[PDB]
Every structure is written in C-alpha cells, then in structure tokens.
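Here is the structure we will look at, set down as structure tokens.
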Amino acid sequence: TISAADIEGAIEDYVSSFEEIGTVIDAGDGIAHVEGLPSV
Amino acid sequence: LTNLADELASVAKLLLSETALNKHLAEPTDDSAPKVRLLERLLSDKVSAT
Numbered sequence: 005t006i007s008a009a010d011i012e013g014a015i016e017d018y019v020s021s022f029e030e031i032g033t034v035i036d037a038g039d040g041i042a043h044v045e046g047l048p049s050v
Numbered sequence: 199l200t201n202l203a204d205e206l207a208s209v210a211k212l213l214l215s216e217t218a219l220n221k222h223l224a225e226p227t228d229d230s231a232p233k234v235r236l237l238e239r240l241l242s243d244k245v246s247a248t
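Protein chains in written order, with the deposited numbering: chain B, 5 to 22, 29 to 50; chain d, 199 to 248.
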C-alpha cells in the first residue's frame, strides 16, 4: 500500500471539490460554535 | 480472505500514518459520494474489488 506524497494532491481536490453552509456543533449562553464555512 | 486482511491492515497503517487523509475520509458527511470517489481514486490501484 506504499504511496508517496501524491495522495496529498487528492485531498486538495477533495477540499476543492466543495453555497457555503456550516453546522452548529454546540451552543450555550449566547455563544454558538459552527463547523464549516471555510471562507467566512 | 488472507489477501483481504493484509490489504485492510495496510490501508489502516496508511491511514494511521497519514493523518490528514484520515481526517478527510473520516469527517462525517451526509453525502458519501465524494468520500467514495477519493477512496477509489487513492486505493483502486492497490486493493481488491472486495
């Protein structure tokens, strides 16, 4: 299963494969945490 | 079965060594089509159909 750093490129495409919608991952006391929204 | 076990162990070793790829392949997602595409792109070379 040996593979060089070429695999790197793949993820750059994968992240580049993905409007921007995030998801609330927790909320409390007027503070929310949102995963996603890389361009925010 | 032995070949499948060896391939799976090698894949697990690769994922453990390559943290970022593991993160990308493991982050939960409603649509698994991108996950399948990347997995088959990176693995189809050195794994069996099963």
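Even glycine gets a Cβ: it sits at the ideal position worked out from N, Cα and C.
Asked	Found
When DSSP labels each residue in this structure, what does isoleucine 11/B get in the three-state scheme?	helix
Just to make sure I have the definition right: I need the residues of chain B whose C-beta is within less than 7 Å of the C-beta of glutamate 216/d. Which are they?	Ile11
State whether the segment 230-246 of chain d contacts the segment 5-15 of chain B, with contact taken as three or more CB pairs (one from each stretch) at a distance under 8 Å.	yes
Which stretch, first to last residue, makes up the beta strand (DSSP E) that contains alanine 42/B?	41-45
Helix, strand or coil: which one does DSSP assign to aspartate 204/d?	helix
Determine, using beta carbons only, whether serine 21/B comes closer than 7 Å to chain d.	yes
Alpha carbon to alpha carbon, how far is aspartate 228/d from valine 44/B?	17 Å
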